[PDB]
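These notes are about the structure you will find just below.
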Amino acid sequence: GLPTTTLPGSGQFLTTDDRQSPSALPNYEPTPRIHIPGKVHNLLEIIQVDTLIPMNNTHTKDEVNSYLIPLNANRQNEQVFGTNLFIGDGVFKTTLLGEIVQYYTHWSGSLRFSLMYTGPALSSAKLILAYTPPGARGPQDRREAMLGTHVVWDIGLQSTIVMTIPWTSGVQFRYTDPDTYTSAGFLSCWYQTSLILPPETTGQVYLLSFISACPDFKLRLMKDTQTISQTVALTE
Amino acid sequence: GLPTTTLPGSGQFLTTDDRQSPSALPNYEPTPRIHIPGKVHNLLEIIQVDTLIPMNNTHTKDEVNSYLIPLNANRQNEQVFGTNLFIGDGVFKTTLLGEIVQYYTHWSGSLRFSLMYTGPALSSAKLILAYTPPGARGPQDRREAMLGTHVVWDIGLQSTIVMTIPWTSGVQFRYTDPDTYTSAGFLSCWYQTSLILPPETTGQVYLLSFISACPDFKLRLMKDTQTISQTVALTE
Amino acid sequence: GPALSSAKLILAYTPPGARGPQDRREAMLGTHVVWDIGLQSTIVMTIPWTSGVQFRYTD
Amino acid sequence: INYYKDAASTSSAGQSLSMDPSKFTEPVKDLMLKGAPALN
Amino acid sequence: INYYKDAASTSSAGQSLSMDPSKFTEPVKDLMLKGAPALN
Amino acid sequence: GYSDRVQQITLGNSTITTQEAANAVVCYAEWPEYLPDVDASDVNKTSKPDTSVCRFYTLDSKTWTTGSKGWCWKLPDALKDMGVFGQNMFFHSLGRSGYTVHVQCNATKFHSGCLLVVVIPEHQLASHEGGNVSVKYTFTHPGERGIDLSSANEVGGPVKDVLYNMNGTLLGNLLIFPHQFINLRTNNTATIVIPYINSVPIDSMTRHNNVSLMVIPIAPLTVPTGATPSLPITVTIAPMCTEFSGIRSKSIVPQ
Amino acid sequence: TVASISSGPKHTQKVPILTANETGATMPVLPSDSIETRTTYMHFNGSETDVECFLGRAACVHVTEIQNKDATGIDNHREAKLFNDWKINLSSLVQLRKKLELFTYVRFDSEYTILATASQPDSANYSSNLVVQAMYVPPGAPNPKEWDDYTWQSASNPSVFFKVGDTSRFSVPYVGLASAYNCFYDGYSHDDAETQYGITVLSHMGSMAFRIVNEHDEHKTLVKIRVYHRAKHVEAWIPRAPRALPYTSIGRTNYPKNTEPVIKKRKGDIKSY
Ligand SMILES: Cc1cc(CCCCCCCOc2ccc(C3=N[C@@H](C)CO3)cc2)on1
Numbered sequence: 332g333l334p335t336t337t338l339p340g341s342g343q344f345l346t347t348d349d350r351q352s353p354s355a356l357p358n359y360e361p362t363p364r365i366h367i368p369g370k371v372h373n374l375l376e377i378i379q380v381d382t383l384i385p386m387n388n389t390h391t392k393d394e395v396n397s398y399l400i401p402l403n404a405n406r407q408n409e410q411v412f413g414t415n416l417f418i419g420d421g422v423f424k425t426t427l428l429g430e431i432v433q434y435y436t437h438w439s440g441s442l443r444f445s446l447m448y449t450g451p452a453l454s455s456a457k458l459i460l461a462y463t464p465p466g467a468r469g470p471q472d473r474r475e476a477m478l479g480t481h482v483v484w485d486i487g488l489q490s491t492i493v494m495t496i497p498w499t500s501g502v503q504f505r506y507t508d509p510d511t512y513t514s515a516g517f518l519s520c521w522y523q524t525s526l527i528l529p530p531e532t533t534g535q536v537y538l539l540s541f542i543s544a545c546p547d548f549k550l551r552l553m554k555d556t557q558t559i560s561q562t563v564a565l566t567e
Numbered sequence: 332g333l334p335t336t337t338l339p340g341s342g343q344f345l346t347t348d349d350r351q352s353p354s355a356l357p358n359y360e361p362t363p364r365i366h367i368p369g370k371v372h373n374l375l376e377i378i379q380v381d382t383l384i385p386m387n388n389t390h391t392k393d394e395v396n397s398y399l400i401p402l403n404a405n406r407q408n409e410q411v412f413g414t415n416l417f418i419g420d421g422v423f424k425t426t427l428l429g430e431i432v433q434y435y436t437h438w439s440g441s442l443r444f445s446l447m448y449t450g451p452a453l454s455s456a457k458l459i460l461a462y463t464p465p466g467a468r469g470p471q472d473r474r475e476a477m478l479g480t481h482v483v484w485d486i487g488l489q490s491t492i493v494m495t496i497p498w499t500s501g502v503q504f505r506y507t508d509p510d511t512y513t514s515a516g517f518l519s520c521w522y523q524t525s526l527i528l529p530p531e532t533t534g535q536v537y538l539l540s541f542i543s544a545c546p547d548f549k550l551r552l553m554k555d556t557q558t559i560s561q562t563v564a565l566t567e
Numbered sequence: 450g451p452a453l454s455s456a457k458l459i460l461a462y463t464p465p466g467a468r469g470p471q472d473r474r475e476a477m478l479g480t481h482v483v484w485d486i487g488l489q490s491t492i493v494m495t496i497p498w499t500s501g502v503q504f505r506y507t508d
Numbered sequence: 030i031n032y033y034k035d036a037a038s039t040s041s042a043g044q045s046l047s048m049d050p051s052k053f054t055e056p057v058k059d060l061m062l063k064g065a066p067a068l069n
Numbered sequence: 030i031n032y033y034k035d036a037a038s039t040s041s042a043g044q045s046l047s048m049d050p051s052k053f054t055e056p057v058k059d060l061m062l063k064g065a066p067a068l069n
Numbered sequence: 077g078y079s080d081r082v083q084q085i086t087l088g089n090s091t092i093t094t095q096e097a098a099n100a101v102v103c104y105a106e107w108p109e110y111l112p113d114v115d116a117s118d119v120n121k122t123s124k125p126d127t128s129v130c131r132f133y134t135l136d137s138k139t140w141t142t143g144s145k146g147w148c149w150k151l152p153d154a155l156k157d158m159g160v161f162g163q164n165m166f167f168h169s170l171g172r173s174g175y176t177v178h179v180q181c182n183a184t185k186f187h188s189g190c191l192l193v194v195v196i197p198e199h200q201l202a203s204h205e206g207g208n209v210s211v212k213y214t215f216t217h218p219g220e221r222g223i224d225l226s227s228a229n230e231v232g233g234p235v236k237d238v239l240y241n242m243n244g245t246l247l248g249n250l251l252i253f254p255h256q257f258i259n260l261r262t263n264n265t266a267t268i269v270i271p272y273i274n275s276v277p278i279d280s281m282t283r284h285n286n287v288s289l290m291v292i293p294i295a296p297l298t299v300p301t302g303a304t305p306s307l308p309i310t311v312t313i314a315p316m317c318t319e320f321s322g323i324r325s326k327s328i329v330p331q
Numbered sequence: 584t585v586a587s588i589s590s591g592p593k594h595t596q597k598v599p600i601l602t603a604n605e606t607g608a609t610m611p612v613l614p615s616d617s618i619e620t621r622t623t624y625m626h627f628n629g630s631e632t633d634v635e636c637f638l639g640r641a642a643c644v645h646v647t648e649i650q651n652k653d654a655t656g657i658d659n660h661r662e663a664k665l666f667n668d669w670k671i672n673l674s675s676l677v678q679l680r681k682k683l684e685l686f687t688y689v690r691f692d693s694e695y696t697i698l699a700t701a702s703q704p705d706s707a708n709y710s711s712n713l714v715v716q717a718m719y720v721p722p723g724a725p726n727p728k729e730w731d732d733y734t735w736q737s738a739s740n741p742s743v744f745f746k747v748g749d750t751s752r753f754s755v756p757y758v759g760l761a762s763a764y765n766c767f768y769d770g771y772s773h774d775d776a777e778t779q780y781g782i783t784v785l786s787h788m789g790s791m792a793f794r795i796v797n798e799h800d801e802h803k804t805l806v807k808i809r810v811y812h813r814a815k816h817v818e819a820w821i822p823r824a825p826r827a828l829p830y831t832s833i834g835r836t837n838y839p840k841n842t843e844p845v846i847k848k849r850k851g852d853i854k855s856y
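Protein chains in written order, with full-length UniProt numbering: chain A, 332 to 567; chain B, 332 to 567; chain C, 450 to 508; chain D, 30 to 69; chain E, 30 to 69; chain F, 77 to 331; chain G, 584 to 856.
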């Protein structure tokens with residue numbers, strides 16, 4: 332008989348501990364694995380695939396239309412859309428990125444925001460996208476917007492433009508859940524010159540917008556998502 | 332199954348024991364360290380920086396004035412100040428040295444007591460500082476004082492004088508908290524000749540006094556400080 | 450001044466393009482030296498050549 | 030040290046440290062180079 | 030012997046045994062030698 | 077013939093000479109340096125205006141009188157309006173800087189008085205209201221004026237009690253912070269070099285001040301007979317190794 | 584190591600005891616610079632003053648309480664202490680607080696011990712062993728509304744189940760967002776004119792929720808939770824002046840008005856012993 336002493340914590344059950352256990356089914360042989368395409372190893376692998384952002388959130392019931400950012404022909408100087416960058420809330424929240432970020436407490440890294448244009452091929456347009464780093468207000472006019480991170484996008488044969496929100500930060504991590512101290516800025520978009528439709532054409536054209544994370548990205552300290560809950564256990 | 336026996340003490344929680352525990356956050360990656368000037372490793376590093384002693388304790392509410400030891404022009408033979416050396420109490424008690432000593436039960440070592448003179452540059456003075464080792468009473472006149480550890484200080488260009496209270500002791504440790512058996516002596520200061528002010532000048536001049544520990548110093552057996560307490564938990 | 454006096458002065462050079470400074474705050478933003486009056490009796494300020502054109506007329 | 034005989038009884042697995050998003054981010058048949066035109 | 034995988038789970042650290050008060054006691058720009066005059 | 081006593085600091089297009097110095101302190105024995113990559117997080121290239129921001133700005137002068145309690149300035153606040161340093165400050169999202177602080181006060185060999193000049197990293201002030209009353213923004217951003225510890229309590233402002241350092245600690249122990257004394261009989265200036273000290277590699281210059289400079293009379297000013305009873309104290313400060321990052325629109329701050 | 588070397592009479596031009604404190608230095612003067620000494624050794628290392636040792640013992644950081652009782656007809660579980668919750672923080676109790684605030688920035692892993700004891704105030708019968716569940720609810724994750732919400736499923740959030748009377752123990756890595764935790768912060772969360780000042784804004788680390796898993800018996804049972812915290816792997820920068828006045832609030836430096844003189848007045852003269 333070897334002398335032992337038990338410490339504080341004996342008998343506790345910590346849902347996060349990782350130890351060995353007896354197998355209830357001694358000697359059982361599991362089914363062989365066969366090959367299946369698509370294996371995922373890290374959630375970091377999947378948040379780099381871009382998905383659509385319901386940017387046009389202004390509706391009243393969920394609709395395919397809140398994915399469409401409208402553009403008006405012949406407007407000059409004006410603003411196309413605006414949003415803050417709380418990736419865990421608001422427009423971002425239902426996107427795959429938003430949806431995964433919510434399983435973690437802290438995030439750090441660059442984001443990739445792209446816009447794909449869908450107007451007739453014989454039209455043309457020049458837009459400016461601007462990222463405003465924390466510390467200033469959402470820009471109120473392009474002059475204000477153009478003094479921060481921006482890209483003049485020229486609509487052409489190449490249909491999409493990929494803007495990166497480079498990680499601009501004092502503190503090396505921000506909370507996913509809306510924190511002030513930890514806030515990331517604003518994203519706005521304005522006409523640089525203006526949309527022009529060809530003859531025989533009319534109305535609004537739309538941009539689709541996507542979001543995905545750069546390879547830069549870090550997420551840490553897992554927790555429970557506000558995105559799902561329940562009141563009684565389900566049954567069959 | 333290996334046979335064991337549990338000993339007395341099993342299941343106890345000793346706030347001072349040091350063992351391993353499961354991490355609640357398996358696999359989490361802490362923020363990188365960046366460089367910050369000022370790292371402290373031992374409390375022994377900081378108690379060697381000198382800080383001011385409110386020697387002039389005679390006021391009735393805390394004031395900047397109890398840091399000032401006054402000096403009178405033209406007095407001869409007389410006494411400037413006196414104090415016992417219970418570093419955990421009395422004048423010493425609020426100083427950084429006093430304040431740290433109070434986290435430990437026993438101290439041993441030499442102390443460094445210095446006086447910086449602030450009188451007009453065209454004045455002059457000679458003071459005697461005396462350390463009286465345990466066993467005799469606080470000296471009552473310079474004759475008595477001058478027979479123990481002393482330094483004649485000549486006020487000059489060099490503004491401060493550093494007196495050391497060398498460790499004089501039978502027992503190799505003394506309690507911080509006032510013990511008799513364990514007591515350390517007295518410190519007194521007298522005019523050696525006298526302060527003399529230049530013409531066109533008048534009034535009192537003051538000495539500032541500091542205390543810090545020599546590299547000699549030892550503190551041991553940590554405990555709780557009488558210097559802080561509370562009646563209900565604080566809240567935000 | 451008497452040896453037992455003391456003083457600290459600021460001398461400022463204002464390069465072409467601005468007006469003669471009107472208060473020290475204005476003055477201190479251009480070439481300047483805080484002079485501390487001491488044992489060393491003189492202070493030598495240099496007006497470094499600040500110029501677009503490499504020569505100026507005397508007149 | 031495993032104290033038990035069966036593999037199911039061992040602790041959690043250890044980090045894939047595999048990581049290759051291209052099956053998801055670039056499943057295109059003809060390779061696209063960043064910087065070259067998307068559609069030629 | 031660590032029984033656990035993560036570093037946070039290990040016991041207390043071990044004595045710095047670093048100790049250098051000069052950043053606190055002598056942060057002067059020009060070095061002062063004990064015994065030489067303070068102000069020259 | 078070099079003395080600890082005479083010194084010259086040239087930084088940018090500005091120079092300071094002191095003929096009665098008492099050495100100089102370099103906080104925590106470290107000299108200001110730029111931000112190394114290994115410590116970097118924000119991916120933005122930073123802007124280093126160099127000589128246009130790293131020069132000496134002299135704040136407006138104070139007047140030490142027998143009743144003075146002490147003054148307190150915060151950095152980078154005190155410089156929020158100095159030349160291009162200030163512009164850069166309001167225009168970038170993040171910035172970082174070290175400083176050379178030179179406090180000046182000359183008198184004669186008949187005066188007495190002694191000021192403590194100390195730099196406190198992260199000096200979080202206390203509300204004089206007690207409880208958990210906060211100290212409003214404006215109150216902790218006095219600008220070049222600094223805070224005058226002998227001014228009256230105001231509402232939403234900090235407490236100005238000197239024996240407590242504006243935070244519940246005793247004046248006597250401020251000596252654990254990099255500091256230097258100005259003792260009229262010895263000294264006429266104090267100079268402290270401050271390296272950048274923070275828990276993040278770069279931060280916002282407007283929502284967070286990283287040091288308070290404090291000048292406190294400790295041995296009261298005593299002038300010779302029939303002298304005017306006061307002396308001016310001047311503070312000149314120079315940003316050093318400044319870097320700004322994340323440029324944009326230009327912050328708007330309360331008041 | 585020698586604590587003192589042997590030194591004899593001196594009659595020099597080299598005076599180590601005259602200095603200029605105006606410089607900001609504390610010159611390293613020793614007994615042997617001003618008296619005649621004999622050799623003595625240190626016999627000591629300064630082991631127990633290492634900051635790891637100083638901050639490394641468990642301190643009580645929080646006492647809360649929850650009760651097991653019939654929730655039937657309770658409109659607000661949180662309010663009935665059917666499950667309390669604690670806004671994790673480390674300055675609510677002061678013994679440990681004064682110790683930490685001797686430093687400006689501090690970095691460490693935490694080891695928590697949680698002791699839970701039960702009390703039966705109203706004369707009772709048989710007490711069935713209660714099992715406490717302690718959840719970590721970091722900020723951004725659903726916070727419990729009833730004592731038996733879906734939240735308690737805690738499928739992604741670390742939770743520990745232990746018995747009242749026992750102790751639970753686990754250790755959490757340094758979860759700070761920056762490189763160190765700020766013991767002090769002279770800033771705001773943004774340049775707002777009315778935003779709060781202090782660290783409260785930097786202290787966000789979320790809260791921790793406790794509940795009893797057991798349904799109710801016929802009597803009521805009070806369970807009082809004590810959380811202990813031990814720093815391990817400590818790193819501390821920039822020493823500061825110790826706290827002199829009493830504390831009033833978590834996260835602000837504020838002291839109470841009409842406080843009392845903190846320096847003991849002499850019973851006698853400056854000259855008194
Ligand atoms: C089950 C279960 C429960 C838990 C809790 C996880 C621990 C999270 C707490 C993280 C450490 O919290 C703090 C809070 C404040 C400070 C701090 N404030 C300043 C005065 C200094 O330090 C440090 C750590 O984990 N698993």
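All C-beta atoms, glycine included, are put in the ideal place defined by N, C-alpha and C.
Uninterrupted alpha helix (DSSP H) stretches at least 4 residues long and entirely within the region 146-206 of chain F occur at 159-167, given in chain order. By alpha-carbon distance to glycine 219 of chain F, the top candidate from F/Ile92, F/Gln331, F/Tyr104 is F/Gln331. Beta bridge pairing from DSSP links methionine 242 of chain F with no other residue. Taking a cut-off of 8 angstroms for Cβ pairs, the region 435-449 of chain B and the region 494-508 of chain B touch, as three or more such pairs fall below it. Around the CB of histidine 372 of chain B, 16 or more other CB atoms lie within 10 Å, so the residue is classed as buried. Burial state of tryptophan 498 of chain C is exposed, judged by a 10 Å Cβ sphere holding fewer than 16 other Cβ atoms.
Under the DSSP assignment, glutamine 650 of chain G falls in the beta strand (DSSP E) whose first and last residues are 642-651.
The DSSP-derived three-state label of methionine 477 of chain A is helix. Around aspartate 348 of chain A, the beta-carbon contacts reaching into chain B at under 7 angstroms are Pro353. Look at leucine 683 of chain G: its beta carbon is less than 7 angstroms from one of the heavy atoms in ligand 1.
In the DSSP assignment, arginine 680 of chain G falls within the alpha helix (DSSP H) that extends over 677-683.
Residue state for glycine 440 of chain A is assigned as coil, using DSSP reduced to three classes. Against chain D, a Cβ distance below 8 angstroms from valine 380 of chain A picks out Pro50, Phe53, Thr54. Within the region 473-506 of chain A, those residues whose Cβ lies closer than 7 angstroms to any Cβ of chain D are, in chain order, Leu488, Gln489. The Cβ of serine 275 of chain F sits closer than 8 angstroms to at least one Cβ of chain G.
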